[PDB]
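Structure below is model_37.tsv: TSV, C-alpha atoms.
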```tsv
chain	number	residue	atom	x	y	z
A	123	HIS	CA	60.06	-11.58	157.28
A	124	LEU	CA	59.23	-7.91	156.56
A	125	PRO	CA	61.32	-4.70	156.44
A	126	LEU	CA	61.14	-2.41	159.46
A	127	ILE	CA	58.16	-0.07	159.88
A	128	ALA	CA	58.31	3.73	160.25
A	129	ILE	CA	57.16	4.27	163.87
A	130	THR	CA	57.15	8.08	163.31
A	131	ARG	CA	56.56	9.46	166.86
A	132	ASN	CA	54.14	6.78	168.12
A	133	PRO	CA	54.80	4.80	171.34
A	134	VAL	CA	53.09	1.37	171.50
A	135	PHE	CA	53.35	0.29	175.12
A	136	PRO	CA	53.27	-3.53	175.70
A	137	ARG	CA	49.68	-4.83	176.14
A	138	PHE	CA	48.24	-1.41	175.35
A	139	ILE	CA	46.06	-0.90	172.27
A	140	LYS	CA	47.32	1.98	170.14
A	141	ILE	CA	46.55	3.62	166.82
A	142	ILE	CA	49.14	4.59	164.19
A	143	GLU	CA	48.40	7.28	161.57
A	144	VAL	CA	51.33	7.97	159.23
A	145	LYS	CA	50.53	10.68	156.68
A	146	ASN	CA	52.52	8.91	153.93
A	147	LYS	CA	50.68	6.26	151.85
A	148	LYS	CA	53.63	3.90	151.16
A	149	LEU	CA	53.09	1.79	154.31
A	150	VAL	CA	49.57	1.01	153.09
A	151	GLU	CA	51.18	-0.76	150.14
A	152	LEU	CA	52.78	-3.14	152.59
A	153	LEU	CA	49.47	-3.53	154.44
A	154	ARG	CA	47.56	-4.52	151.26
A	155	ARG	CA	50.26	-6.87	149.93
A	156	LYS	CA	49.86	-9.17	153.02
A	157	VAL	CA	46.10	-9.82	152.49
A	158	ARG	CA	46.54	-12.94	150.31
A	159	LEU	CA	48.79	-14.62	152.93
A	160	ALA	CA	47.13	-17.10	155.26
A	161	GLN	CA	48.22	-15.41	158.53
A	162	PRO	CA	48.69	-11.58	158.26
A	163	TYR	CA	50.97	-10.07	160.95
A	164	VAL	CA	53.26	-7.18	161.83
A	165	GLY	CA	55.87	-6.34	164.45
A	166	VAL	CA	56.21	-3.16	166.53
A	167	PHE	CA	59.60	-1.68	167.48
A	168	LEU	CA	60.87	1.52	169.13
A	169	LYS	CA	62.85	4.49	167.84
A	170	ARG	CA	65.85	6.32	169.25
A	171	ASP	CA	65.91	10.11	169.79
B	318	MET	CA	48.57	20.20	166.82
B	319	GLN	CA	48.83	17.75	169.75
B	320	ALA	CA	51.47	17.59	172.44
B	321	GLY	CA	51.94	13.84	171.65
B	322	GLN	CA	52.71	14.29	167.92
B	323	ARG	CA	56.03	16.13	168.58
B	324	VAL	CA	55.10	18.45	165.66
B	325	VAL	CA	55.62	21.57	167.83
B	326	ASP	CA	58.82	22.50	166.00
B	327	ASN	CA	58.64	26.03	167.50
B	328	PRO	CA	57.80	25.88	171.24
B	329	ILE	CA	57.80	29.72	171.52
B	330	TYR	CA	54.90	29.73	169.07
B	331	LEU	CA	53.05	27.10	171.09
B	332	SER	CA	53.41	29.12	174.29
B	333	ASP	CA	52.33	32.27	172.43
B	334	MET	CA	49.38	30.43	170.88
B	335	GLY	CA	48.37	29.23	174.31
B	336	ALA	CA	48.65	32.74	175.72
B	337	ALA	CA	46.50	33.99	172.81
B	338	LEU	CA	43.47	32.18	174.24
B	339	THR	CA	43.60	34.45	177.30
B	340	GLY	CA	40.97	37.19	177.44
B	341	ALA	CA	43.31	39.65	179.19
B	342	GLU	CA	43.31	43.27	178.02
B	343	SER	CA	45.83	44.28	175.34
B	344	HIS	CA	48.13	45.92	177.92
B	345	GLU	CA	48.68	42.49	179.54
B	346	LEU	CA	49.60	41.09	176.12
B	347	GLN	CA	52.09	43.89	175.51
B	348	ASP	CA	53.59	43.33	178.95
B	349	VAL	CA	53.90	39.60	178.32
B	350	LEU	CA	55.59	40.31	174.99
B	351	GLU	CA	58.03	42.58	176.83
B	352	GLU	CA	58.99	39.61	179.01
B	353	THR	CA	62.22	38.01	177.81
B	354	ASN	CA	62.79	35.14	180.26
B	355	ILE	CA	60.93	31.86	179.58
B	356	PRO	CA	59.59	30.87	183.02
B	357	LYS	CA	58.16	34.32	183.56
B	358	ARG	CA	56.15	34.30	180.32
B	359	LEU	CA	54.95	30.73	180.88
B	360	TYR	CA	54.07	31.53	184.52
B	361	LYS	CA	52.28	34.75	183.56
B	362	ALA	CA	50.44	33.13	180.62
B	363	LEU	CA	49.18	30.48	183.01
B	364	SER	CA	48.20	33.25	185.41
B	365	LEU	CA	46.20	35.01	182.70
```

Translate the structure of the given file into structure tokens.
Amino acid sequence: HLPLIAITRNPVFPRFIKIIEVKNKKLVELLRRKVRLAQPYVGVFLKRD
Amino acid sequence: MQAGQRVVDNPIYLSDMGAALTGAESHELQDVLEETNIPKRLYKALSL
């Protein structure tokens, strides 16, 4: 139950470890707000052209 | 400046930057700058 993430030119193929490095620091706010939750998780989606 | 970041907003500059690594004499550079078509300059830059 989280708002969509900013893929920003980064393909994450199924069952293929990948790294994401956005230059903006606002997505880190969402990554630190999930630390108190019991299970922390995130979804990965794809962008259009 | 990676090819996977899609940050190459100016491809002409990327092809020129790649041709800049060539050690060819200045004349070759001038001749490549004279080239107007795109496959010729890419083909020649690769040749250099």

Using all atoms listed in the file, which residues of chain B come within 12 Å of chain A, and what is the closest atom pair for each, with the distance in Å to one decimal? Give it as JSON lines, sorted by chain and residue number.
```
{"residue": "B:319", "atom": "CA", "partner": "A:131", "partner_atom": "CA", "distance": 11.7}
{"residue": "B:320", "atom": "CA", "partner": "A:131", "partner_atom": "CA", "distance": 11.1}
{"residue": "B:321", "atom": "CA", "partner": "A:131", "partner_atom": "CA", "distance": 8.0}
{"residue": "B:322", "atom": "CA", "partner": "A:131", "partner_atom": "CA", "distance": 6.3}
{"residue": "B:323", "atom": "CA", "partner": "A:131", "partner_atom": "CA", "distance": 6.9}
{"residue": "B:324", "atom": "CA", "partner": "A:131", "partner_atom": "CA", "distance": 9.2}
```

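Minimum atom-to-atom distance to residue B:348, evaluated using all atoms listed in the file, belongs to B:362 out of B:329, B:362, B:334, B:318.
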
TODO: Excluding stretch 160-169 of chain A and any residue of its chain fewer than 2 positions from it, enumerate the residues within 9 Å of it, using all atoms listed in the file, and give them as number ranges by chain.
DONE: A: 124, 126-134, 153, 156-158, 171

- [ ] Give me the residues within 10 Å of residue B:363 as number ranges by chain, counting only C-alpha atoms and dropping any in the same chain fewer than 5 places off.
- [x] B: 332, 335-336, 339, 357-358

TODO: Report the distance between atom CA of residue A:135 and atom CA of residue A:170 in Å, rounded to one decimal place.
DONE: 15.1 Å

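Put simply, atom CA of residue B:359 is 11.2 Å away from atom CA of residue B:328.
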
- [ ] Would you mind reading off the distance between atom CA of residue A:125 and atom CA of residue A:149, one decimal, in Å?
- [x] 10.7 Å
